[PDB]
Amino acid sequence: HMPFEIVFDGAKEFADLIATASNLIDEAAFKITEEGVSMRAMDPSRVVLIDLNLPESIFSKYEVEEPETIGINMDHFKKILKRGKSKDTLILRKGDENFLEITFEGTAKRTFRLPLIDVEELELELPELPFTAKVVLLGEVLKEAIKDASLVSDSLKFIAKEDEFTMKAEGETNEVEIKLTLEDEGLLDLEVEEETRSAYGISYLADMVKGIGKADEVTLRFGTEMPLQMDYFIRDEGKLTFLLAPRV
């Protein structure tokens, strides 16, 4: 567990991507290597897999001597990170001691000591699955549709055809459909190998999208009764990925 120093410009933007991931997760193992920071976890019900990738190119300074793994209480991490201001510089530093030093540099120098915990790691690999539909979408539309569907039901069907993407949610007598075609502003791209249908639980979806920005481009991949994969990019180089089990 050798010392490292990592610096990110924009503490608030870092906080907000940690808050997205923390919504499903309570404890995470961060793998720190020469090439960047990666984190891979499952939510307690083992229905969602989260995969974060922060390559070293998004850090203004990145000094890692040898690769190591640190365990972190995501709630306590998140409460500290929330104190960051939008033009603060964030510094994550470890010494010989077994705690993370989190510093905000801006109008003043604020440093928190975060204690490192032991997180037993599951055998987790991001499998490359045969998705038959891919959709790129304005976060606003996606956040919209999940909220709308929650008025009606607990589950949300995704339907991809060659020229339209539909989310549909039916209650006992109420019903909502959101429909997108490439003529529409919210939809940036749509590729379908064959017409695809699946359904996912809104509670999980709501938690996945709660931190996503209204203007960010979100990529969905799914298949008939397959997991749903959702991803967006951080500073164009980082990636956050969710893999969500279908409702069967």
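The numbering used is simple: start at 1 and walk along the sequence shown. By rigid core we mean the largest C-alpha set that fits within 1.5 Å across both forms.
K.L.:
Aligning on the core, I want to see which stretch wanders more in 6 other deposited structures of this protein. Is it 152-160 or 118-126 by C-alpha RMS?
P.N.:
Looking at 118-126 and 152-160 in 6 other deposited structures of this protein, the bigger mover is 118-126.
K.L.:
Relative to this form, superposed by the core, which stretch has the greater CA RMS in 6 other deposited structures of this protein: 143-151 or 169-177?
P.N.:
The stretch that sits farther from the shown form in 6 other deposited structures of this protein is 169-177.
K.L.:
Out of 178-186 and 29-37, which one has CA B-factors that are higher on average in the deposited record?
P.N.:
According to the entry, 178-186 carries the higher average C-alpha B-factor.
K.L.:
Look up the CA B-factors in the entry and say which stretch, 93-101 or 121-129, has the higher mean.
P.N.:
On average, C-alpha B-factors are higher across 121-129.
K.L.:
Name the one of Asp207, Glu66, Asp51, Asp43 with the greatest CA B-factor according to the PDB entry.
P.N.:
Among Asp207, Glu66, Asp51, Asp43, the highest C-alpha B-factor in the entry belongs to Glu66.
K.L.:
Using the temperature factors in the entry, find which of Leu156, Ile80, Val141, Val135 has the highest value at its Cα atom.
P.N.:
It is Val141.
K.L.:
Test of reading the entry: by CA B factor among the chain's modelled residues, which third contains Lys214?
P.N.:
Its C-alpha B-factor, which the entry lists for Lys214, ranks in the highest third among residues of this chain.
K.L.:
Classify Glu13 as lowest, middle or highest third according to the C-alpha B-factor given in the PDB entry, relative to its own chain.
P.N.:
For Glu13, whose C-alpha B-factor we compare with every modelled residue in the chain, the answer is the lowest third.
K.L.:
Would you mind checking where the Cα B-factor of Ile234 ranks among the modelled residues of its chain, as the lowest, middle or highest third?
P.N.:
Top third by C-alpha B-factor.
K.L.:
Taking the C-alpha B-factors as the PDB entry records them, is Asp75 in the lowest, middle or highest third of its chain?
P.N.:
As the PDB entry reports it, the C-alpha B-factor of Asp75 lands in the middle third of its chain.
K.L.:
Sorting the chain's CA B-factors, does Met226 end up in the lowest, middle or highest third?
P.N.:
Tercile = middle for this residue's CA B-factor.
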